[PDB]
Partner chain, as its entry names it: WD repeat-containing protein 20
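What follows is a single chain, given as structure tokens, in the form deposited without its partner chain.
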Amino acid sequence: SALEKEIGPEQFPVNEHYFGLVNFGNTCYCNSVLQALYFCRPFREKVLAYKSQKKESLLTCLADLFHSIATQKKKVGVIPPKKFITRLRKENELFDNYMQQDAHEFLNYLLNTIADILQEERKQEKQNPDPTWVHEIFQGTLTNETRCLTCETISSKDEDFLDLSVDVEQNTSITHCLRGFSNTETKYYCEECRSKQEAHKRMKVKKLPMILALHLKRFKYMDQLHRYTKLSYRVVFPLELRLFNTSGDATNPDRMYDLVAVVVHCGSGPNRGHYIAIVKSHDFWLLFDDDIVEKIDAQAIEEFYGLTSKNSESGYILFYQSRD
């Protein structure tokens, strides 16, 4: 195939398989996220290892699927994920139609589901609570403080996440968006003032995950049109990204990341559109457009930042892997 041809027989990785997924009609929201996840190596490994070990679930289908790919005879090709998509439609009825879906709802549904499938599973080893391997890879923790402006009382409470969603604005960077995330907001009752009071709410990242799934919120409800729009803003993201936690732990203030996958959305609105995935594999990058698989140049990633200027090709979910 021309894919192998373009990587080169020298650069083509040992035991790697590059296989496209068939669109069954608006199922690219699923394909693209599936490819993205397949190229998160910690995740690919845990699910491959799951296949080895049991009652039919979303996870068995994923594991069958990832297994099917990583087992393929040929080096390049195309697989129809029929069983996974059926299982997904049977299991979650908000996807059981031929309308386009939100790739981020899928990702988030998939991780949540695979999470507590494995919870209910180790609740069946203990007693034939203990963080799952989904959590190990993707879980982070944020604290949302609130200060009563009257008495200055801060109330913290943590919450865990498997993905993080940030708001976008025109001509900015991921960095600018994460900073905006920790930014103060202002309807409260504090146990101290014992009245209702006015306050300042903040959100801080307490624990950084080993893989940061970063959802850019490009589908906002525009109060004008009385409809959802796709925001095609130029939002730049780096190939590498140093982030900080608010843990105060002086030995772990930090986490360094490399970009491994981008889910990009192509189009001009959340109903008319197409999803693709940009993934890193060893020294090169691949674009998966459903069945079409092809080598992309890393400089060409910047095509997916979006426009300063209707239809566009924008990064929508970024997957950053730690070097940890």
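Positions refer to the first chain, counted from 1. Note that the rigid core is defined as the largest set of C-alphas that superpose within 1.5 Å between two forms.
Beyond the structure shown, there is the form solved in complex with its partner chain, which is absent from this document and is the topic of what follows.
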query: Of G180, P131, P80, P238, the one that lies within 4.5 Å of its partner chain in the entry with it bound (heavy atoms); finding: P238
query: Among the candidates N112, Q119, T71, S173, the residue which, in the entry with it bound, approaches its partner chain to within 4.5 Å (heavy atoms); finding: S173
query: Stretch in contact in the entry with it bound with its partner chain, which is absent here, among 24 to 32, 251 to 259, 59 to 67, 267 to 275 (heavy atoms within 4.5 Å); finding: 251 to 259
query: All of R242, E302 and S309 within 4.5 Å of its partner chain in the entry with it bound, heavy atom check; finding: yes
query: Contact test in the entry with it bound: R234 vs its partner chain, heavy atoms, 4.5 Å; finding: yes
query: Which of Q119, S173, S155, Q170 is displaced between this form and the one not shown by 2 angstroms or more at its C-alpha, rigid core aligned; finding: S155
query: Did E93 shift 2 Å or more between this form and the one not shown, C-alpha, core superposed; finding: no
query: C-alpha of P238 moved at least 2 Å between this form and the one not shown on rigid core; finding: no
query: Core-superposed comparison between this form and the one not shown, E192 Cα displacement 2 Å or beyond; finding: yes
query: Cα distance between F244 and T175, which in the entry with it bound differs by 3 Å or more from this form, closer or farther; finding: closer
